[PDB]
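All residue numbers for the sequence shown refer to PDB author numbering, where the first residue is 16 and numbers rise by one.
Ideal Cβ placement from N, Cα and C applies to all residues, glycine included.
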Amino acid sequence: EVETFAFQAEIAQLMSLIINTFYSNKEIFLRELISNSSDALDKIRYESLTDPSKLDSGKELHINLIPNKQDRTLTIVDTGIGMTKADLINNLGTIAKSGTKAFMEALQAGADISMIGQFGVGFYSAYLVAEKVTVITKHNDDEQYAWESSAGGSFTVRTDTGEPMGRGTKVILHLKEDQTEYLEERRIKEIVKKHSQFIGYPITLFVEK
Ligand SMILES: CO[C@H]1CCCN(C(=O)c2n[nH]c3cc(O)c(C(=O)N(C)c4ccc(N5CCOCC5)cc4)cc23)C1
Numbered sequence: 016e017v018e019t020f021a022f023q024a025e026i027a028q029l030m031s032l033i034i035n036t037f038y039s040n041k042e043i044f045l046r047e048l049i050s051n052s053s054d055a056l057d058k059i060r061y062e063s064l065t066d067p068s069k070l071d072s073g074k075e076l077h078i079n080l081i082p083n084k085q086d087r088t089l090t091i092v093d094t095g096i097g098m099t100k101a102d103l104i105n106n107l108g109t110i111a112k113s114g115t116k117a118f119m120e121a122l123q124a125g126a127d128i129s130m131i132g133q134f135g136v137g138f139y140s141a142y143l144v145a146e147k148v149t150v151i152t153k154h155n156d157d158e159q160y161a162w163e164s165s166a167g168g169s170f171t172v173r174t175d176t177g178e179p180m181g182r183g184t185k186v187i188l189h190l191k192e193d194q195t196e197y198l199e200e201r202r203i204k205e206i207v208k209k210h211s212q213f214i215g216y217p218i219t220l221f222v223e224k
């Protein structure tokens, strides 16, 4: 059912650095996650040009931002290519190894945490604001999976039994108690206008009722 994995040593080191460094420019996490969603949308868009049946699992190519004050969660949903079990457990972590090592050397050489995206490890900036991150994903070639980590050196992967998503990735940020500003409509709008004004897919902010 649920399998537990150890993060690659370098990624575990980067995650503890992100969690324990005093750094007030935390809003960068949202730019990084939207950029990752844009890359996944680019991939499915590109593949569909030679195989239009890749869009049978959904033609709409977009990003949704869903704050939820009651649950203290910020969800970023996209209809990109999605991730396989191999991506989640091995392949994305393997590729992230060099970028993680390089990023930590750069930080030691005086670089700022905001440069994280230049090293292909932008995702991990989610741990500036989140105590736990849940990622639900569905790739055309595989089953729906749920990845999760509260850091501490491990992550879990399980087959997801929840609502089918067709194709794409849903990033669920379980925010730290002092990071609730990222659930505010005006705050999300400000961040998106400042960092993500030039993304080639519609970004829809879901207003709470
Ligand atoms: C446990 O899950 C996490 C495992 C660690 C890496 N993760 C993310 O970086 C991530 N954050 N938000 C996303 C949204 C998405 O749609 C996807 C996605 O489906 N794919 C295919 C995807 C995969 C890789 C990238 N790259 C961005 C540039 O840096 C090199 C990786 C981009 C999109 C992934 C993410 C996900």
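Coil, strand or helix - residue i by DSSP
i: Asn79; result: strand
i: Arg87; result: coil
i: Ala161; result: strand
i: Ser169; result: strand
i: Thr152; result: strand
i: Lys204; result: helix
i: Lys100; result: helix
i: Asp175; result: coil
i: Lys185; result: strand
i: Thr94; result: coil
i: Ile26; result: helix
i: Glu18; result: strand
heavy atom of ligand 3 below 8 Å from residue i C-beta
i: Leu48; result: Ligand 3 is not part of this structure, which contains only ligand 1.
Minimum C-alpha distance to residue i - residue among the options
i: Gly137; options: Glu158, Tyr197, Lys112 and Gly125; result: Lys112
i: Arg87; options: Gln123, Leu103, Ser164 and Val144; result: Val144
i: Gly73; options: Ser211, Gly95 and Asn106; result: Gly95
i: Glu18; options: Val186, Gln133, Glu199 and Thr174; result: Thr174
i: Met180; options: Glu75, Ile33, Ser140 and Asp57; result: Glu75
i: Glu16; options: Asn106, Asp193, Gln194 and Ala161; result: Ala161
i: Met119; options: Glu25, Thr219 and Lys224; result: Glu25
i: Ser50; options: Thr219, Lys208 and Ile214; result: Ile214
i: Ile218; options: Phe44, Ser53, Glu47 and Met30; result: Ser53
i: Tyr38; options: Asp127, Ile78, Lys209 and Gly108; result: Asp127
i: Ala121; options: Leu29, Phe22 and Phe221; result: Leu29
i: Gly114; options: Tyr139, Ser63 and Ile59; result: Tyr139
i: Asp102; options: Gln194, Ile34 and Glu158; result: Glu158
Through-space distance from residue j to residue i, alpha-carbon basis
i: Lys69; j: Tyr61; result: 10 Å
i: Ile131; j: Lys41; result: 12 Å
i: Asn155; j: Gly97; result: 8 Å
i: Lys100; j: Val172; result: 8 Å
i: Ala166; j: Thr36; result: 15 Å
i: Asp93; j: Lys185; result: 6 Å
i: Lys191; j: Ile104; result: 26 Å
i: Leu48; j: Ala141; result: 8 Å
i: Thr109; j: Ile203; result: 32 Å
i: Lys208; j: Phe134; result: 23 Å
i: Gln123; j: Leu32; result: 11 Å
Could you tell me which uninterrupted beta strand (DSSP E) segments, each at least 3 residues in length, are contained entirely in the region 31 to 85, listed from first to last along the chain? Note on the region 31 to 85: whole beta strand (DSSP E) runs with a minimum of 3 residues are 78 to 83, in chain order.
Taking only runs that begin and end inside the region 107 to 156, name each unbroken alpha helix (DSSP H) of 4 or more residues, in chain order. Complete alpha helix (DSSP H) runs here, min 4: 107 to 123.
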